[PDB]
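One file, final_30.csv, carrying CSV, C-alpha atoms:
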```
chain,number,residue,atom,x,y,z
A,1,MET,CA,0.0,0.0,0.0
A,2,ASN,CA,2.9,2.4,0.7
A,3,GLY,CA,2.5,4.8,-2.3
A,4,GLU,CA,2.4,8.5,-3.0
A,5,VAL,CA,0.6,8.5,-6.4
A,6,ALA,CA,2.6,8.3,-9.7
A,7,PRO,CA,5.4,6.3,-8.2
A,8,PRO,CA,9.0,6.8,-9.5
A,9,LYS,CA,8.5,3.4,-11.2
A,10,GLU,CA,7.6,4.0,-14.9
A,11,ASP,CA,9.4,3.1,-18.2
A,12,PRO,CA,7.3,4.8,-20.9
A,13,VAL,CA,9.7,6.4,-23.5
A,14,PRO,CA,13.1,6.0,-21.8
A,15,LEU,CA,15.9,7.6,-23.8
A,16,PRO,CA,18.9,6.0,-22.1
A,17,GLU,CA,20.9,7.2,-25.1
A,18,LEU,CA,20.7,10.7,-23.6
A,19,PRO,CA,22.8,11.1,-20.5
A,20,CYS,CA,21.3,13.3,-17.7
A,21,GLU,CA,23.9,14.9,-15.3
A,22,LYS,CA,26.7,12.5,-14.5
A,23,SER,CA,25.4,9.7,-12.3
A,24,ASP,CA,24.8,7.1,-15.0
A,25,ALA,CA,21.3,8.5,-15.5
A,26,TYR,CA,19.5,9.4,-18.8
A,27,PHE,CA,16.5,11.3,-20.1
A,28,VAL,CA,13.5,9.0,-19.8
A,29,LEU,CA,10.8,10.8,-21.8
A,30,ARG,CA,7.6,10.9,-19.7
A,31,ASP,CA,4.3,12.9,-19.6
A,32,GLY,CA,3.2,14.9,-16.6
A,33,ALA,CA,4.2,18.5,-16.9
A,34,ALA,CA,1.5,20.5,-18.8
A,35,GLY,CA,2.2,18.2,-21.7
A,36,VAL,CA,5.2,16.0,-22.5
A,37,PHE,CA,8.9,16.3,-21.4
A,38,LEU,CA,12.0,14.2,-20.5
A,39,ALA,CA,12.9,13.9,-16.8
A,40,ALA,CA,16.2,12.3,-15.6
A,41,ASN,CA,15.7,8.7,-14.5
A,42,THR,CA,17.9,9.7,-11.5
A,43,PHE,CA,15.3,12.3,-10.3
A,44,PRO,CA,15.4,14.1,-8.1
A,45,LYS,CA,19.2,13.8,-8.5
A,46,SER,CA,18.5,15.3,-11.9
A,47,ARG,CA,15.4,17.6,-12.3
A,48,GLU,CA,16.5,18.5,-15.8
A,49,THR,CA,13.0,18.2,-17.3
A,50,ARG,CA,11.4,20.0,-20.3
A,51,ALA,CA,9.9,19.3,-23.7
A,52,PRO,CA,12.2,17.3,-26.0
A,53,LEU,CA,14.5,19.3,-28.4
A,54,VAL,CA,12.8,18.7,-31.8
A,55,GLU,CA,16.3,18.0,-33.2
A,56,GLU,CA,17.0,15.4,-30.5
A,57,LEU,CA,13.6,14.0,-31.4
A,58,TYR,CA,14.6,13.4,-35.1
A,59,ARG,CA,17.6,11.4,-33.8
A,60,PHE,CA,15.2,9.5,-31.5
A,61,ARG,CA,12.6,9.0,-34.2
A,62,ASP,CA,13.4,5.3,-34.4
A,63,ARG,CA,12.4,5.2,-30.7
A,64,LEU,CA,9.6,7.9,-30.9
A,65,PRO,CA,6.5,6.6,-29.1
A,66,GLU,CA,4.5,7.7,-32.3
A,67,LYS,CA,2.6,10.3,-30.2
A,68,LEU,CA,5.4,12.8,-31.0
A,69,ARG,CA,5.4,12.5,-34.8
A,70,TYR,CA,4.1,16.1,-34.8
A,71,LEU,CA,6.5,17.4,-32.1
A,72,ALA,CA,9.6,15.8,-33.6
A,73,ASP,CA,8.2,16.9,-37.0
A,74,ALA,CA,8.3,20.5,-36.0
A,75,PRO,CA,11.4,22.4,-37.1
A,76,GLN,CA,14.6,21.8,-35.0
A,77,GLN,CA,16.1,25.3,-35.0
A,78,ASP,CA,15.7,28.8,-36.5
A,79,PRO,CA,17.1,30.7,-39.5
A,80,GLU,CA,20.2,31.4,-37.3
A,81,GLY,CA,20.5,27.7,-36.1
A,82,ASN,CA,19.3,28.2,-32.5
A,83,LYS,CA,17.9,24.7,-32.2
A,84,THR,CA,14.2,24.6,-31.5
A,85,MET,CA,12.8,22.5,-28.7
A,86,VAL,CA,9.2,21.7,-27.8
A,87,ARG,CA,7.1,23.9,-25.4
A,88,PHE,CA,3.6,24.0,-24.1
A,89,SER,CA,0.9,26.7,-24.2
A,90,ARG,CA,-2.1,26.7,-21.8
A,91,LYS,CA,-4.0,29.2,-23.9
A,92,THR,CA,-4.9,26.2,-26.1
A,93,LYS,CA,-3.3,23.2,-24.3
A,94,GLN,CA,-1.0,22.3,-27.2
A,95,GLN,CA,2.7,21.9,-28.1
A,96,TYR,CA,4.7,24.9,-29.5
A,97,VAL,CA,8.4,24.8,-30.3
A,98,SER,CA,10.8,27.7,-29.6
A,99,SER,CA,14.3,28.2,-31.1
A,100,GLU,CA,17.1,29.0,-28.6
A,101,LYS,CA,20.6,30.5,-28.9
A,102,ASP,CA,23.0,29.1,-26.3
A,103,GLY,CA,21.0,30.4,-23.3
A,104,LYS,CA,19.5,33.7,-24.4
A,105,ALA,CA,16.1,32.3,-25.6
A,106,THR,CA,16.0,34.2,-28.9
A,107,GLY,CA,12.2,34.3,-29.1
A,108,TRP,CA,11.2,32.0,-32.1
A,109,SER,CA,8.1,30.1,-31.1
A,110,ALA,CA,6.2,27.9,-33.6
A,111,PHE,CA,2.8,26.4,-32.7
A,112,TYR,CA,1.5,23.0,-33.9
A,113,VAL,CA,-2.0,23.7,-35.3
A,114,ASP,CA,-4.0,21.1,-37.2
A,115,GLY,CA,-0.9,19.4,-38.5
A,116,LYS,CA,-0.2,23.1,-39.2
A,117,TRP,CA,2.9,24.3,-37.4
A,118,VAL,CA,3.1,28.1,-37.3
A,119,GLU,CA,5.4,31.0,-36.2
A,120,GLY,CA,4.3,33.6,-33.6
A,121,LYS,CA,7.5,35.8,-33.6
A,122,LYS,CA,7.4,38.3,-30.7
```
Written as structure tokens, how would this file's structure read?
Amino acid sequence: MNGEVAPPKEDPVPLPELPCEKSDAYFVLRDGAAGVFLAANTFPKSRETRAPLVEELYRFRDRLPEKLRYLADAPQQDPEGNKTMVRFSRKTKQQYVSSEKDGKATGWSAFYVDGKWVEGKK
């Protein structure tokens, strides 16, 4: 009976081919943060969680759980190269990607509409 709801046990879309911090952990893609994301299997030792980088998704397409065909399908960077990762919007509960340059968050942010990605530059 000892339980706390959503137990640490869970092997949905594990991406062992993506090291986490440095404790032999990896990024096991899961779903429980306003949408989808990839938490470290060493959590909390590694709270590195957040939508999956579209580019890293293309490399993990062979392992894609199929429910990401649209996310990984979205662009994987911007005209400058700032790779674009997945994000989540509550205004429509959907997945929108956003390019990023190093760590300055350029601003690029595309939205996945009806199989219709878009770009809401700001």
Counting all atoms listed in the file, which residues sit no farther than 12 Å from the position (-4.2, 20.0, -36.2) in the file's frame? I'd like them as an MDAnalysis selection string. chainID A and resid 70:71 92 94:95 111:118
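Proximity of A:13, A:3, A:87, A:122 to residue A:66, computed with only C-alpha atoms, is greatest for A:13.
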Please provide the set of residues having any atom within 12 Å of stretch 50-61 of chain A, restricted to only C-alpha atoms, with same-chain residues fewer than 6 positions apart removed, written as number ranges by chain. A: 13-18, 27-40, 67-78, 81-89, 94-100, 110
Restrict the selected residues to C-alpha atoms and save them as a PDB file, keeping the file's coordinate frame.
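As a result, part.pdb now contains:
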```
ATOM      1  CA  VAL A  13       9.700   6.400 -23.500  1.00  0.00           C
ATOM      2  CA  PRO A  14      13.100   6.000 -21.800  1.00  0.00           C
ATOM      3  CA  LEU A  15      15.900   7.600 -23.800  1.00  0.00           C
ATOM      4  CA  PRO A  16      18.900   6.000 -22.100  1.00  0.00           C
ATOM      5  CA  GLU A  17      20.900   7.200 -25.100  1.00  0.00           C
ATOM      6  CA  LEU A  18      20.700  10.700 -23.600  1.00  0.00           C
ATOM      7  CA  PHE A  27      16.500  11.300 -20.100  1.00  0.00           C
ATOM      8  CA  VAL A  28      13.500   9.000 -19.800  1.00  0.00           C
ATOM      9  CA  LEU A  29      10.800  10.800 -21.800  1.00  0.00           C
ATOM     10  CA  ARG A  30       7.600  10.900 -19.700  1.00  0.00           C
ATOM     11  CA  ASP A  31       4.300  12.900 -19.600  1.00  0.00           C
ATOM     12  CA  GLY A  32       3.200  14.900 -16.600  1.00  0.00           C
ATOM     13  CA  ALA A  33       4.200  18.500 -16.900  1.00  0.00           C
ATOM     14  CA  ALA A  34       1.500  20.500 -18.800  1.00  0.00           C
ATOM     15  CA  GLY A  35       2.200  18.200 -21.700  1.00  0.00           C
ATOM     16  CA  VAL A  36       5.200  16.000 -22.500  1.00  0.00           C
ATOM     17  CA  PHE A  37       8.900  16.300 -21.400  1.00  0.00           C
ATOM     18  CA  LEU A  38      12.000  14.200 -20.500  1.00  0.00           C
ATOM     19  CA  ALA A  39      12.900  13.900 -16.800  1.00  0.00           C
ATOM     20  CA  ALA A  40      16.200  12.300 -15.600  1.00  0.00           C
ATOM     21  CA  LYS A  67       2.600  10.300 -30.200  1.00  0.00           C
ATOM     22  CA  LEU A  68       5.400  12.800 -31.000  1.00  0.00           C
ATOM     23  CA  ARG A  69       5.400  12.500 -34.800  1.00  0.00           C
ATOM     24  CA  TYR A  70       4.100  16.100 -34.800  1.00  0.00           C
ATOM     25  CA  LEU A  71       6.500  17.400 -32.100  1.00  0.00           C
ATOM     26  CA  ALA A  72       9.600  15.800 -33.600  1.00  0.00           C
ATOM     27  CA  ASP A  73       8.200  16.900 -37.000  1.00  0.00           C
ATOM     28  CA  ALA A  74       8.300  20.500 -36.000  1.00  0.00           C
ATOM     29  CA  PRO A  75      11.400  22.400 -37.100  1.00  0.00           C
ATOM     30  CA  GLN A  76      14.600  21.800 -35.000  1.00  0.00           C
ATOM     31  CA  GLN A  77      16.100  25.300 -35.000  1.00  0.00           C
ATOM     32  CA  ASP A  78      15.700  28.800 -36.500  1.00  0.00           C
ATOM     33  CA  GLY A  81      20.500  27.700 -36.100  1.00  0.00           C
ATOM     34  CA  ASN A  82      19.300  28.200 -32.500  1.00  0.00           C
ATOM     35  CA  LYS A  83      17.900  24.700 -32.200  1.00  0.00           C
ATOM     36  CA  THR A  84      14.200  24.600 -31.500  1.00  0.00           C
ATOM     37  CA  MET A  85      12.800  22.500 -28.700  1.00  0.00           C
ATOM     38  CA  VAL A  86       9.200  21.700 -27.800  1.00  0.00           C
ATOM     39  CA  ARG A  87       7.100  23.900 -25.400  1.00  0.00           C
ATOM     40  CA  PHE A  88       3.600  24.000 -24.100  1.00  0.00           C
ATOM     41  CA  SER A  89       0.900  26.700 -24.200  1.00  0.00           C
ATOM     42  CA  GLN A  94      -1.000  22.300 -27.200  1.00  0.00           C
ATOM     43  CA  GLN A  95       2.700  21.900 -28.100  1.00  0.00           C
ATOM     44  CA  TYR A  96       4.700  24.900 -29.500  1.00  0.00           C
ATOM     45  CA  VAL A  97       8.400  24.800 -30.300  1.00  0.00           C
ATOM     46  CA  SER A  98      10.800  27.700 -29.600  1.00  0.00           C
ATOM     47  CA  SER A  99      14.300  28.200 -31.100  1.00  0.00           C
ATOM     48  CA  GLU A 100      17.100  29.000 -28.600  1.00  0.00           C
ATOM     49  CA  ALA A 110       6.200  27.900 -33.600  1.00  0.00           C
TER      50      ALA A 110
END
```
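Proximity of A:104, A:43, A:6, A:79 to residue A:24, computed with only C-alpha atoms, is greatest for A:43.
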If you take every atom of stretch 21-24 of chain A that the file lists and fit an axis-aligned box around them with 8 Å extra on each side, what centre and edge lengths come out in Å to one decimal, as JSON?
```
{"center_x": 25.3, "center_y": 11.0, "center_z": -13.8, "size_x": 18.8, "size_y": 23.8, "size_z": 19.0}
```
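Distances to residue A:22 were evaluated for A:42, A:103, A:109, A:4 using all atoms listed in the file, and the minimum falls at A:42.
Atom CA of residue A:20 sits 9.1 Å away from atom CA of residue A:47.
Picture a line from atom CA of residue A:45 to atom CA of residue A:12; it runs 19.4 Å.
Interatomic distance, atom CA of residue A:121 against atom CA of residue A:105: 12.3 Å.
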